[PDB]
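Input: a single structure, listed below in structure tokens.
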Amino acid sequence: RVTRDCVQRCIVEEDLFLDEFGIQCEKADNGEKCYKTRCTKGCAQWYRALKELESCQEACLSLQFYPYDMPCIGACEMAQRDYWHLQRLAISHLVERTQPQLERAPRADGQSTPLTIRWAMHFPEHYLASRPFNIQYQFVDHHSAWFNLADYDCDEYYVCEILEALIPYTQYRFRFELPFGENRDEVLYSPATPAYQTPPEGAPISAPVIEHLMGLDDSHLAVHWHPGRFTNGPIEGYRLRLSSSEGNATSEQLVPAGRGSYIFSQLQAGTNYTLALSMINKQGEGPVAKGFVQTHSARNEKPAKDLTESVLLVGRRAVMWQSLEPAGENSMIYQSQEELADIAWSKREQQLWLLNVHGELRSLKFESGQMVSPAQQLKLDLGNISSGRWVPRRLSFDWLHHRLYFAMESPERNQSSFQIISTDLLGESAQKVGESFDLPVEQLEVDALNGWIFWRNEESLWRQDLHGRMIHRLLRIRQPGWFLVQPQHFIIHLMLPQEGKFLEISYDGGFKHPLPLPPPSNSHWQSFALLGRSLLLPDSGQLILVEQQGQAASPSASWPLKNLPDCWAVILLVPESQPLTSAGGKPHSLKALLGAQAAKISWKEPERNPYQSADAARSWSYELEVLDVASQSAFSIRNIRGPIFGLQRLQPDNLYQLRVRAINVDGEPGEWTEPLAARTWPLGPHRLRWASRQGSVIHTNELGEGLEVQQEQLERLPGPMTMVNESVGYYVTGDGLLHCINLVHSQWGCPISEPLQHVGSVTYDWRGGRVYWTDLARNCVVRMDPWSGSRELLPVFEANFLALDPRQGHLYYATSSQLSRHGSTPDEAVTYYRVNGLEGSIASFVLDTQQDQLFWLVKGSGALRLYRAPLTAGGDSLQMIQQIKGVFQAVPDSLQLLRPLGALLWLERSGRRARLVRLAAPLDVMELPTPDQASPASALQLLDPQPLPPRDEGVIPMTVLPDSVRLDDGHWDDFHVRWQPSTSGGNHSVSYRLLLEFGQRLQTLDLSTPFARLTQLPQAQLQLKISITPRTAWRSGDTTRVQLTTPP
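See the structure below:
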């Protein structure tokens, strides 16, 4: 069925190959020494060879047509390729819809049988038993690297016991890798084996992943963690060890398995701490994860009772003002004849927001030096809310998002719900907040910085965000008292007068240890104020300032309140309690992209902690300094916003190691980030070509700006395209197909007007004027001349990625497993590096000819390793330059040298980013985002600003003169076929390929000398048909055909 294909391809391609030996078949020619006969022999012996599966090269040995039947090898190999494709279609059409399964598990009957596969038997001969294959296992991760087993014993049974070290307690998915063909995306798979979990029994190997280590409060460090990627046995707890940096105070806490946070208590303030997260299971402990954090620096008690900050004392009808300094003023502010509900507080403006039981909003701007102020009503709007009667009960002020939060009362009979609104300062922009509820509101306080609104009803302490999206419970007991959340400590101080507990519940509803409430020094309290660690307790008719140390309930200071014996609420009048912004979290993940004279610096916003909501205030001013390592010219650029910035006008002779700081809205110096490397002047202008998968080619600058699209369109999934000259270029597409295109004059005919299938990569040599492409069908390489269009074959086998060094003619080929250089002599063929069948395959390689260096890519199990090697020293300085972290695969052949920049450029599989590795600083991989007009990209080249040099005629050895072909004086059985040495204009070493035809026998010789010593000739005076093709290490000359007779 495929022999017809062989014959048709042979007759089509009979004259397409102009062999170097000077053999030429015309149509209807029955010459047996020529291409068609060898190809027919190849596809007649191809099946016989496949009986025992011998190599085509050794199957094509000819007893009369030495040394190599290259058309026979080609015919055999394409026969194998077509046969394998046909078998692929057959195996896909018959079944291929059956997965390897595990129905019976390792028993407890004393048989320790590991993974077993009992999978149906639909297989033909040959491919069943003698055919080897590989099995790879899939890692089950929901948010890894796929490896292949190295040990499995099985046969026609297909029950493969695996001694591979599978790590216990990790879910696996198995599958069969069936190798059909040589292309990466030309392989079929077995769909999926049902997920199987290997039994447990080992210590944990992964330390717990710590995701948040906030410095909550001054002495209440908190830590967030979860299971590590690996478990190794069921987990029953964790080991938390905290060690001080200046002391021996080490606290070790143990936590059951199910928990996602932990909080320590009673720590020293203003000192750096470290935390030891340990993952522990039944059989033992595991690794240790370390974290560095310093707790918030507290506010010391300061002048004992002399601080100038005041407090607002509130009674039934009073807004009394009092300051804590000794003999402080007790100036009364304002009186009302109705019952007062609560107050608010503004720091940016000395203005109060009073509200009685009837919802009368009275502005009470604290006049500078005068208590008397207008008490005008601030009648609110209700058209946008509802037409019913609405009387607010509790209110509070937001000092960052200038607003006024209220607790509303609906007029519903027997199911009167309560609601929150967010009006404007004058109270006109009514806004729906959250959902309705039936329990009455007793106190509303809003935390502006971290973005939360806290209220307490008779039962719980519901917490909400500024808008009303997330509502989360905090605590539910009987009749909670007063709480005084402060924005710079992340903890709430909840008082209970009946139980006398005075809790310290944290923001997430966890850490909840009560404190010793100070007993009265003579009753009940309804509020308090927090002056640092000291507690300000407003007793009735007496204000005590107690240093809260437990049993230290002694009044450090007292201020009579004989004008108000029924105080119920106190608020500390300190500017720190309403700060404009909070801790200056340093920017993280600094990234620098550099070009010729411009740079694109991108760095991420400081990460938020879970205690602050989405609507939390995060307004950030930025600044960035740039200094030279050598010149030390430092300059900082302020008034910058956004996570992305573009540097402009870098000065020459400079390195730009860079580091970025974040400036708070107040204007206080932030925390410096880590330094980052840079890059110096390459030369100047460059031109990168981006090949989009849709076929659009886009030219950009070094960074990707200055886009200049091209008017012409390429085919689907193109590869790097090689310029024959300034006009015509070759390229290879994703499915193994090449097209010849013309950039400027499309009407001009290409050297070959039909695209060629099954091609891997193409390269052009400027000195030889010939273009080479890797032919997977023939498993060899061919010669193409853009002018003549003739084909000549080069005996290089399994050639996948090609590159030619034009200086000395050595041809460098990269097979899938081994790398070597093919020269004019067998002794010169030196393998630079060889991989085995398990570590991976060569992905791409580029040749550096000015530096006499060779580079290549080695695809691995889960990472790609860069290498180097000298061409003059065989395998002497192999280096592991960069092992990429993560499963990032580079497109084959996409690796192209960057002579301006002196680096290597390859494109990842995604096609959205490119990676740069520089010779001077290999340890830094530079990202390059693909332009969106070209994303995703399939090929990236750097066009040399220098024009491609013209073809050099100085080579191309002159045709051997027919009159110069003579047989010099020797015996008829030992004589030299001597011709005048073909002279190349560059004095290059000329080699001669000799075709000798005598009778029905053909003798061929590859000679580095202008003479051929012929021995063992059967008879004297024989008529010898001599064909001489003078060849240099780069090009082949015209063939000379001469007939001679042996002289004495």
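Numbering (UniProt numbering), first residue to last: 215 to 357, 377 to 755, 764 to 1289.
Quick reminder that beta carbons are idealized off the backbone N, C-alpha and C, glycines included.
Do the region 1032 to 1042 and the region 229 to 236 touch if we need at least three Cβ pairs shorter than 8 Å?
Result yes; three or more Cβ-Cβ pairs closer than 8 Å.
Rounded to whole angstroms, what is the Cα-Cα separation between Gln301 and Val1022?
Within the sequence shown, numbered from 1, the residue matching residue 301 stands at position 87. Within the sequence shown, numbered from 1, the residue matching residue 1022 stands at position 781. Cα to Cα, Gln301 sits roughly 26 Å from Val1022.
Going by C-alpha distance, which of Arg957, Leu929, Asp1209 is nearest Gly947?
Translated into the one-based positions of the sequence shown, residue 947 becomes position 706. The shortest C-alpha to C-alpha distance from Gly947 to any of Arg957, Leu929, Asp1209 is the one to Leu929.
How about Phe380 and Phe409: are their beta carbons less than 8 Å apart?
Translated into positions along the sequence shown, residue 380 becomes position 147. Translated into positions along the sequence shown, residue 409 becomes position 176. It is not a contact, given that the beta carbons lie outside the stated cut-off.
Within 10 angstroms of the Cβ of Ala1055, are there 16 or more other Cβ atoms? Answer buried if so, exposed if not.
Walking along the sequence shown from the start, residue 1055 turns up at place 814. Buried is the call here.
So that I know if they touch, is there some Cβ in chain C lying closer than 8 Å to that of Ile618?
In summary, chain C is missing from the structure at hand, where a single protein chain is found.
Taking the alpha-carbon positions, what's the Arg1154 to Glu967 distance?
Sequence index remark: in the sequence shown, residue 1154 carries index 913 (1-based). Sequence index remark: in the sequence shown, residue 967 carries index 726 (1-based). The straight-line gap from Cα to Cα measures roughly 28 Å.
CA-CA distance, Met728 and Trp715?
Sequence index remark: in the sequence shown, residue 728 carries index 495 (1-based). Sequence index remark: in the sequence shown, residue 715 carries index 482 (1-based). C-alpha separation (whole angstroms): 5 Å.
Whole beta strand (DSSP E) runs in the region 405 to 479 with 3 or more residues, listed along the chain?
Whole beta strand (DSSP E) segments, 3+ residues: 442 to 445, 455 to 459, 468 to 477.
Count the other CB atoms, across all protein chains shown, that sit within 10 Å of the CB of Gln697; report buried if there are 16 or more and exposed otherwise.
Numbered from its first residue, the sequence shown carries residue 697 at position 464. Buried, since its Cβ has 16 or more Cβ neighbours within 10 Å.
If you pair each beta-carbon of the region 1001 to 1011 with each one of the region 1267 to 1281, do three or more pairs fall below 8 Å?
yes
Does the region 832 to 847 come close enough to the region 870 to 886 that 3 or more CB-CB pairs lie under 8 Å?
yes
For the alpha helix (DSSP H) that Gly256 lies in, which residues bound it at each end?
The residue you call residue 256 lines up with position 42 of the sequence shown. Residues 249 to 266.
For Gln898, which of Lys734, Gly908, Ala833 has the nearest alpha-carbon?
Walking along the sequence shown from the start, residue 898 turns up at place 657. Among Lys734, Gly908, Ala833, the Cα nearest to that of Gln898 belongs to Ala833.
So does the region 473 to 485 actually touch the region 433 to 447, counting three or more Cβ pairs closer than 8 Å?
no
Is the region 1095 to 1109 touching the region 1125 to 1140 in the sense that three or more CB pairs, one from each, lie closer than 8 Å?
yes
Would you identify the three-state DSSP class for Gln951, choosing helix, strand or coil?
Taking the sequence shown and counting its residues from 1, the one referred to as residue 951 is at position 710. Here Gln951 sits in strand by DSSP.
In this structure, does DSSP put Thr1280 in helix, strand or coil?
For the purposes of this step, residue 1280 is taken as the residue at position 1039 of the sequence shown. If DSSP states are grouped into helix, strand and coil, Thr1280 belongs with coil.
Kindly indicate the opening and closing residues of the alpha helix (DSSP H) around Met284.
To locate residue 284, count along the sequence shown from 1; it is residue 70. Unbroken alpha helix (DSSP H) run through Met284: 284 to 308.
So, are the CB atoms of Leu382 and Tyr351 less than 8 Å apart?
The residue given as residue 382 occupies position 149 in the sequence shown. The residue given as residue 351 occupies position 137 in the sequence shown. One thing to note: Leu382 has its Cβ within 8 Å of the Cβ of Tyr351.
What's the C-alpha gap between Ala824 and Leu771?
In the sequence shown, the residue the question calls residue 824 occupies position 583. In the sequence shown, the residue the question calls residue 771 occupies position 530. Their backbone Cα atoms lie some 20 Å apart in a straight line.
Using 8 Å as the threshold, is the C-beta distance between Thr963 and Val1003 below it?
Position 722 of the sequence shown holds residue 963. Position 762 of the sequence shown holds residue 1003. Between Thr963 and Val1003, the C-beta spacing is below 8 Å.
Is the region 855 to 863 touching the region 685 to 705 in the sense that three or more CB pairs, one from each, lie closer than 8 Å?
yes
Just list the beta strand (DSSP E) runs in the UniProt domain "Fibronectin type-III 2" (824 to 924), keeping only unbroken ones of 3 residues or longer that don't cross its boundaries, in chain order.
829 to 835, 839 to 845, 862 to 867, 876 to 881, 885 to 889, 899 to 904
Count the other CB atoms, across all protein chains shown, that sit within 10 Å of the CB of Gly592; report buried if there are 16 or more and exposed otherwise.
Counting from 1 along the sequence shown, the entry for residue 592 is found at position 359. Result: buried.
For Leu277, is the classification buried or exposed, using 16 other Cβ atoms within 10 angstroms of its Cβ as the cut-off for buried?
For this step, residue 277 is matched to residue 63 along the sequence shown. It is exposed - the Cβ of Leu277 has fewer than 16 other Cβ atoms within 10 Å.
Which residues does DSSP pair with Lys523 in a beta bridge?
Position 290 of the sequence shown, counted from the start, is the residue given in the question as residue 523. Answer is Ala509.
Quick one: residues in its chain with C-beta nearer than 6 Å to the C-beta of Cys808, no 5 flanking neighbours on either side, listed in chain order?
Here residue 808 is taken as the residue at index 567 of the sequence shown, counted from 1. Contacts found: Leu546, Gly548, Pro779.
Could you check whether the region 284 to 293 touches the region 317 to 331, counting it as contact only if at least three pairs of C-beta atoms, one from each stretch, sit closer than 8 Å?
no
Please determine if the region 580 to 597 and the region 557 to 565 are in contact, where contact requires at least 3 C-beta pairs separated by less than 8 Å.
No: fewer than three Cβ pairs fall under 8 Å.
If you count every other CB in all the chains shown that lies within 10 Å of the CB of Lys250, and 16 or more means buried, which is it?
Within the sequence shown, residue 250 is the residue found at index 36, counting from 1. With 16 or more Cβ atoms within 10 Å of its Cβ, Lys250 is classed as buried.
Looking at the strands, I want to know which residues DSSP matches up with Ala1178.
As a first step, residue 1178 must be located in the sequence shown, where it is residue number 937. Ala1178 is bridged to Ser933.
For a test of the three-state rule: what should DSSP assign to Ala770, helix, strand or coil?
Mapped onto the sequence shown, residue 770 falls at position 529. The answer is strand: DSSP assigns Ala770 an E or B state.
Which same chain residues end up closer than 8 Å to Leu267 when comparing Cβ atoms and leaving out the 5 residues on each side of it in sequence?
As a first step, residue 267 is located in the sequence shown; it is residue number 53 there, counting from the start. Taken in chain order, the residues that qualify are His340, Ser344.
Span of the beta strand (DSSP E) holding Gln1094?
Position 853 of the sequence shown, counted from the start, is the residue given in the question as residue 1094. Counting along the chain, the beta strand (DSSP E) containing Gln1094 begins and ends at 1094 to 1100.
Just curious, the beta strand (DSSP E) that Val1231 is in, first and last residue?
Translated into positions along the sequence shown, residue 1231 becomes position 990. 1231 to 1239 is the span of the beta strand (DSSP E), which, as asked, contains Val1231.
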